[PDB]
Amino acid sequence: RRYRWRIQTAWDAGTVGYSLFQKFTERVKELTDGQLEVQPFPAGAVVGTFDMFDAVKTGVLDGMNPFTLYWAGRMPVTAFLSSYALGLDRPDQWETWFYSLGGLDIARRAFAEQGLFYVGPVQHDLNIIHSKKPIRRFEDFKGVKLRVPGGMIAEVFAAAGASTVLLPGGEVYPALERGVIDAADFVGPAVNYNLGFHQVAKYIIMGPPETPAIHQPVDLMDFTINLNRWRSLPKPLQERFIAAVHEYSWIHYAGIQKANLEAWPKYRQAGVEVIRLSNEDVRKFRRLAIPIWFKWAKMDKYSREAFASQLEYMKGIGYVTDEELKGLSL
């Protein structure tokens, strides 16, 4: 018997990300000798991006390739299954945490309670911010209407005085064009260019060279499958799909990074100015961020479990000092 799964991605059609996702479906067919095929759908083709969770839960979709933290408002732990401000900031650190420090099992247990099978994380990129007006220091965030992906990311910017809004990446261009928002984070340079941000915002705001991505340094995607659908798939094919997703994680990461190298010169040609914040701006954000990490960790049992092991790992690699954790504990 052969299996066919409908899977929608958070990537919009006409982006480098969707092209990579389409190629993944061909790779899955190849690795399973046609026994398991994935029918790809670009963002919004079946349901809205933020509605994918419920669509997969019910079976309208068989699976999804979202940015994991989109479920932060309903599953606290998902804010810890993708990067948060000023924490672990390299792809390899998130890979180690998931694959040898216990992160994958925490994600699987949390998603199983929701009737979903979390396959694994998909590496991707850091994220940048586009702004219509210059934001040159920490204090310039006050009063900025900023699109962000909710959760802990939005909470940190709200603590910096911004008015945050949640919108799918495909709605950012018209929101900026119409002046509904002043600035927007979405993903890295290449996809944001595919979406036209350079024509509706003349600035890019990044951290200093020492900390280029303050809010989302490792913006992970994942594959999450309807649990019944997953359990119905023969084990040999389940294992081949897990391996296919892990291989794709890095093929996707590499494809996005190649496109990003090609994108920076295009921003220069479009007259977009890249503004770099300072090391002191980062210290200000850090004092806002750390207590917010603990607030989120304290929401439920899974968020606490995930943050506890990430905090131990950060201490082990010198990312956090005991002094800056004064008054904060699990």
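Note that residue numbering begins at 1 and tracks the sequence as displayed.
The stretch with the higher mean CA B factor, choosing between 178 to 186 and 96 to 104, is 178 to 186. Higher mean CA temperature factor between 318 to 326 and 303 to 311: 318 to 326, per the PDB entry. Sorting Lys258, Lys132, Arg147, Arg90 by the CA temperature factor given in the entry leaves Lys132 at the top. Of the residues listed, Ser163, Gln216, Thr224, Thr78, the entry assigns the biggest Cα temperature factor to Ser163. Annotation for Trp230: C-alpha temperature factor in the highest third relative to the rest of the modelled chain, per the entry. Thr68: CA B factor in the lowest third of modelled residues in this chain (values from the PDB entry). The deposited CA B-factor of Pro209 belongs to the highest third of values across its chain. Among the modelled residues of the chain, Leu277 sits in the middle third by CA temperature factor in this PDB entry. Per the deposited record, the Cα B-factor of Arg109 falls in the middle third when ranked against the other modelled residues of its chain.
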